[PDB]
Amino acid sequence: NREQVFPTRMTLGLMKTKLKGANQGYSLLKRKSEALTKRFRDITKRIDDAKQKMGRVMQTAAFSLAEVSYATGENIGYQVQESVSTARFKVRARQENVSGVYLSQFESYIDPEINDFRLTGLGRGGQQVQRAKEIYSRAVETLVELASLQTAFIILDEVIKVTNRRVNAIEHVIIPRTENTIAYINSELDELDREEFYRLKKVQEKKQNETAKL
Amino acid sequence: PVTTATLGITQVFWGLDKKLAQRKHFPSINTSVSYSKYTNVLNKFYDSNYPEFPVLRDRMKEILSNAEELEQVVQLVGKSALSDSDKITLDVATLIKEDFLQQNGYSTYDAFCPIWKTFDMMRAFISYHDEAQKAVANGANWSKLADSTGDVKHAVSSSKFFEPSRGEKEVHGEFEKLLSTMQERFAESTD
Amino acid sequence: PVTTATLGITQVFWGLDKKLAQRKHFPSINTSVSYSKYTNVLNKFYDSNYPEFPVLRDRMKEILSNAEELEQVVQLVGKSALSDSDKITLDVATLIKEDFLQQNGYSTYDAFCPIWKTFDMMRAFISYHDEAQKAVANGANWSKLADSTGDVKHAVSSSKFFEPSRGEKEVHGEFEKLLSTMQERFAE
Amino acid sequence: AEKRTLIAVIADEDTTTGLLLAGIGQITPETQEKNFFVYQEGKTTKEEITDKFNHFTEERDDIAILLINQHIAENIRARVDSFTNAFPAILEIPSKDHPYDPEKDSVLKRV
Ligand SMILES: Nc1ncnc2c1ncn2[C@@H]1O[C@H](COP(=O)(O)OP(=O)(O)O)[C@@H](O)[C@H]1O
């Protein structure tokens, strides 16, 4: 419940500096936790909104895909799987610095090397296939946005948990341990001062007795 | 001043911690600050009678020190960061402190743990640590291994109840059987 | 008590930094606790000989104090988020504490740094910090700017390695060319 | 990470076809691995689906966002819960004729 510090005036000053720094860090980290928690509440609200948007977008994309399949008269899944040599859609991570954290946010991109779809050889319904492809591309962009938001949510929650843990650790261990060490060092310094005072009193008594004798 | 002069002159420091005096953890020997400079001269006696005594004792000291460091780490930043082997180190050291080091001097069984019983108990606890470390290094999850080997852990922790009055021959056989059954249980759990 | 009385009755006090001594950073003079009450009276000589010396040393003191506070905050909160200006402040303070403040007494070049050489080095370091701050205020990214200006930073670090025996006339001409190309290198 | 540039799809056949039409998923010729693998409840098994999801999350380092069907995720709920790592992200998109379940979402469960 204290630190093994040798009682000395320099050590007392060092421990006072440690206590002041720990108090400043505790206040700073509590405020940072509050700000990050506000950002986290905003993030989770956006997660709920993006979940609703994902539901509606996936519903409309499934409807468009079903319409395209009905127009074509056959399942284009086999053709799409066959024409899967390269992916025209890619996501690049971006280190967005929200508040103090550096949560990674995905950034979607379009590769024109294999941008050609499976419209050729589909038999019929080319316009329906193109419309379904556009709807699915919009759904993929929404999915990239939602995945970036969810990754930010997870990273932010982990950082908030770590910061709150460190705030509690400071306030409940470092501040009490340093305060106890300060109190013990002050008590031991007072004890040394009292011992010196008694020794000087004995010397003064001896000098007074010698003066009385002389 | 009296303590400092006494430590300057003496050779063995059986320092006592009041945090362990409370919660009835006698003997409350503070394993950290405590020291004994007679281990080097006792190496001869150990080689004569119990050859593995110094190595088992050094292993126990290393386990206790490593788990003290890990206990500081866990008190600071929780137990999520600790590795599997760290979990085994902490669990085995807690077992050692609760069963081996903690010796009730007013119970029939632990009023007097002789040298052979103490050696057998160090062998049992160190073998338990080594078996858990080997099983985890083989890839078994520590939580599942502990769930399966709770019986072995309880048998190890209950080795302090063995009556020294039964004689060296009888109890040492019990400790050998305990070690054999422990090894069989750990092998079965690993398999 | 002897230190307390000496500080009470003295005019200049060059305090020891245990942290700087343990880093083997010499001379280990603690900037925060040290002082000199002769700055005001020496302002006359500085205005007579090196007019920009007082403002330069005040700027370096401000940089060191700001970066000391920022480094306390860094050691507290991990330094994950820092402004471009704050990053320049810490980088410039580390550059100062490594090149300007630190000097090898036994080295041939830095055995005795003259007053004109010290003034020129303060010119170089303060101009570097001010130009970096201006560029960051313009909108340049600090990481890319540091990657591009590592050569200029190495030049202002080797300003310490500049020999003093070459004379005040030649060395100042070199420092005149040192910060002349330093201004142009920040255009990119 | 910057290396992870892909959108893994382990959803139903219709969702896999839609993702392939979008162009998010593809089969690498040199690596002989498909970023988007079509899998349903009848096709393969729950263990196979869990193994594929684990490979996409860990073995497939290029995968950044994983799209798994809610019906598929129901049988892989243990794997979804175990995938506590933020990267790669997991999206609880539901399959055809199955509404999305907010309770079944692993990410939303942390709230
Ligand atoms: N080895 C032990 N086994 C059981 N109890 C113990 C042991 N050592 C100390 N105690 C308990 O500690 C209490 C305090 O006695 P003790 O601490 O030895 O006196 P002192 O304060 O002079 O050291 C006793 O009541 C005793 O029950």
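What counts and what doesn't
- Residues numbered from 1 in each chain as written, not as in the entry; some residues may be left out.
- Chains lettered and ligands numbered in written order.
- Part of a larger assembly, values for the part shown.
- Heavy atoms only, no water.
- Residues with missing side-chain atoms left out of burial classes, pairs and counts.
- Helix = DSSP H or I, 4+ residues; strand = E, 2+ residues; numbered from the N terminus.
- Rg over C-alpha atoms; globule rule 2.2 N^0.38 Å.
- Contact = heavy atoms within 4.5 Å.
- Nonpolar A, V, L, I, M, F, W, Y, C, P; charged D, E, K, R; others polar.
- Polar contact = N/O pair within 3.5 Å; in protein donor to acceptor, adjacent residues only side chain to side chain.
- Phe/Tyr/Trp six-rings, centres within 6.5 Å; stacked < 30°, edge-to-face > 60°.
- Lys NZ or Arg CZ within 6 Å of the ring centre and 35° of its normal.
- Pairing = 2+ DSSP bridges.
- Axes fitted to C-alpha atoms, helices over the stretch in contact; angles between N-to-C directions.
- Salt bridge = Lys/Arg side-chain N within 4 Å of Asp/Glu carboxyl O.
- Expected span 1.5 Å × (residues − 1).
- Bend = angle between axes of the 7 residues up to and from the residue.
- Parallel < 35°, antiparallel > 145°, perpendicular 65-115°, else oblique.
- Left-handed = near helix turned anticlockwise from the far one by under 90°.

Visitor: I tried to follow the overall build of chain D on my own but got confused; where do I start?
Guide: Of regular secondary structure, chain D possesses 5 helices and 5 strands. Taken over C-alpha atoms, the radius of gyration comes to 13 Å for chain D, in line with the 13 Å a tight globule of 111 residues would show. With respect to the principal axes defined by its C-alpha atoms, chain D has extents near 40 × 30 × 25 Å.

Visitor: What is the right way to read the overall build of chain B from this model?
Guide: The helix and strand tally for chain B stands at 9 helices and 2 strands. Its helices and strands taken in sequence order, chain B reads α-β-α-β-α-α-α-α-α-α-α from the N to the C terminus. In terms of overall dimensions, chain B is globule-like: its C-alpha atoms have a radius of gyration of 18 Å, near the 16 Å expected for 191 residues. Overall, chain B is about 55 × 45 × 30 Å in size when its C-alpha atoms are taken along their principal axes. Residue pairs at least 24 apart in sequence account for 65% of intrachain contacts in chain B once pairs closer than 6 positions are excluded.

Visitor: Quick question: what am I supposed to make of the interface of chain D and chain A here?
Guide: Of the residues lining the interface, 23 residues belong to chain D; the matching set on chain A comes to 20 residues. Listed by contribution, the elements that provide at least two residues to the side of chain D that touches chain A are α1 (13–22) and β2 (27–28) of chain D. Its residues assigned to classes, the side of chain D that touches chain A shows 14 nonpolar, 7 polar and 2 charged.

Visitor: Help me out: how do you make sense of the side chain of B:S34 in this one?
Guide: Residue and element names in this part refer to chain B. On the secondary structure map, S34 appears in the loop between α2 (18–21) and β2 (35–36). Looking at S34, its side chain comes within polar contact range of the main-chain nitrogen of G15, at 3.0 Å. A distance of 2.8 Å separates a polar side-chain atom of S34 from the backbone oxygen of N30.

Visitor: For this particular structure, what's the right way to read the packing of aromatic side chains?
Guide: What characterises a pair of aromatic rings is the spacing of the ring centres plus the angle enclosed by the ring planes. Pairing C:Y46 with C:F53 gives two aromatic rings, centres 4.2 Å apart and planes at 15°, and the pair type is stacked. One aromatic cluster is present, built from ring pairs that chain together B:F45, B:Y46, B:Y50, B:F53 and B:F119. If you follow B:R123 out to its NZ or CZ, it ends over the ring of B:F119, 5.9 Å from the centre.

Visitor: I keep staring at the sheet that holds strand β5 (residues 89–91) of chain D and nothing clicks. Help me out?
Guide: Sheet strands pair via backbone hydrogen bonds, and the direction of the pair is either parallel or antiparallel. Residue and element names in this part refer to chain D. Strand order in the open sheet formed by 3 strands is β1-β4-β5, with parallel pairing between adjacent strands. Each edge of the sheet is formed by a strand with only one pairing partner; in this case those strands are β1 (7–9) and β5. In this sheet, neighbouring strand axes are inclined to one another by 20° on average, regardless of whether the strands run parallel or antiparallel. Direction of pairing for strand β4 (residues 65–67) relative to β5: parallel, over a ladder of 3 bridges. Residue pairing in the sheet places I65 in a bridge with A89 of β5.

Visitor: Can you walk me through the pattern of salt bridges in this structure?
Guide: Close approach of charged atoms lets side chains of opposite charge pair. The salt bridge partner of B:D120 is B:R123, with a shortest N-O separation of 3.1 Å. Taken together, the positions of B:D120 and B:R123, both in helix α6 (residues 115–137) and 3 residues apart, correspond to about one turn of that helix. A salt bridge links C:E62 to C:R59, with the nearest nitrogen and oxygen atoms 3.7 Å apart. Taken together, the positions of C:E62 and C:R59, both in helix α4 (residues 53–77) and 3 residues apart, correspond to about one turn of that helix.

Visitor: Please explain helix α3 (residues 126–213) of chain A as it appears in this structure.
Guide: An α-helical turn contains 3.6 residues, so any two residues separated by three or four positions project in the same direction. In a regular helix each residue adds 1.5 Å, so 88 residues correspond to 130 Å; α3(A) covers 126 Å between its end C-alpha atoms and thus fits that length. Of all the bends in α3(A), the largest measures some 35° and sits at A:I170.

Visitor: What is the right way to look at the packing of helix α6 (residues 115–138) of chain C against helix α7 (residues 142–158) of chain C in this model?
Guide: A pair of packed helices is captured by two measures, namely the crossing angle of their axes and the spacing between those axes. All names here are of chain C. Where α6 contacts α7, the two axes come as close as 12 Å, and the packing angle between them is 165°. By the angle class used here, α6 and α7 are roughly antiparallel. As α6 packs across α7, the resulting crossing turns out to be right-handed. In this structure, α6 uses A124, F125, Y128, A132 and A135 to contact α7, whose residues at the interface are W142, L145, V152, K153 and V156. Here the contact of α6 with α7 is built from residues that sort into 9 nonpolar, no polar and 1 charged.

Visitor: Sorry if this is basic, but what is going on with unusual backbone geometry here?
Guide: Both trends apply: most residues other than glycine have a negative phi, and most peptide bonds are in trans. Cis geometry is adopted by the peptide bond preceding B:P27, which originates at B:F26 and carries an omega value of 0°. Tracing the chain through its elements places B:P27 in the loop between α2 and β2. Looking along the chain, the bond that leaves D:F87 and enters D:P88 is cis, with omega of 0°. Here D:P88 lies in the loop between α4 (77–82) and β5. A positive phi is found at C:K79, a non-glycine position, where the angle reads about 60°. For C:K79, the position within the fold is in the loop between α4 and α5 (84–100). The residue D:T44 is not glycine, and still its phi comes out positive at about 55°. Along the polypeptide, D:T44 turns up in the loop between β3 (33–34) and α2 (46–59).

Visitor: Would you mind going over the arrangement of the chains with me for this structure?
Guide: Sorting the 3 pairs of chains in contact by contact count puts chains A and D at the top. Across the gap from chain C to chain D, with no contact made, the nearest C-alpha atoms are 18 Å apart.

Visitor: Quick question: what am I supposed to make of the packing of helix α3 (residues 39–49) of chain C against α4(C) here?
Guide: Residue and element names in this part refer to chain C. With their axes 9 Å apart at the nearest point, α3 and α4 run at an angle of 135° to one another. In this view, α3 runs oblique relative to α4, as classed from their interaxial angle. In this structure, α3 uses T39, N43 and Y46 to contact α4, whose residues at the interface are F53, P54 and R57. Looking at the contact of α3 with α4, its residues break down into 3 nonpolar, 2 polar and 1 charged.

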